[PDB]
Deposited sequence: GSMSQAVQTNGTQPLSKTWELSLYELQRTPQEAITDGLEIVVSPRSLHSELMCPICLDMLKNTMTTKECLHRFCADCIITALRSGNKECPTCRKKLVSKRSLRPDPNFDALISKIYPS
């Protein structure tokens, strides 16, 4: 949407910012949901272009086929390289919902 040089330009506040020093799972429904199966994400795979997340099995089934686009925002998915596993998101999910 905006030029790159605008998107990542830091404000005067941001050029001097200092760290921010370090409830119910029910309210996180939308954030942890797979847009395809509508269930909580498993084996999360994330698109490099748009950072949209899907269950591994879900996005693989979708891509084949397909149209080779992100199911959420329609952006092109040029290749197999366009997706990558997101183990850190799985671990966050696991801490939110322990087994």
item: Ranges missing from the model, given as deposited sequence positions; value: 1-11, 34-41
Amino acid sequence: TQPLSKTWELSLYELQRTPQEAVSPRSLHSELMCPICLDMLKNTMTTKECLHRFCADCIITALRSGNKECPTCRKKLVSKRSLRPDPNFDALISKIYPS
From here on, numbers count along this sequence of modelled residues.
property: Stretch with the higher entry mean CA B-factor, where the candidates are 12-20 and 81-89; result: 81-89
property: Stretch exceeding the other in mean C-alpha B-factor - 37-45, 58-66; result: 58-66
property: Chain third (lowest, middle, highest) by recorded CA B-factor, residue given as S99; result: highest
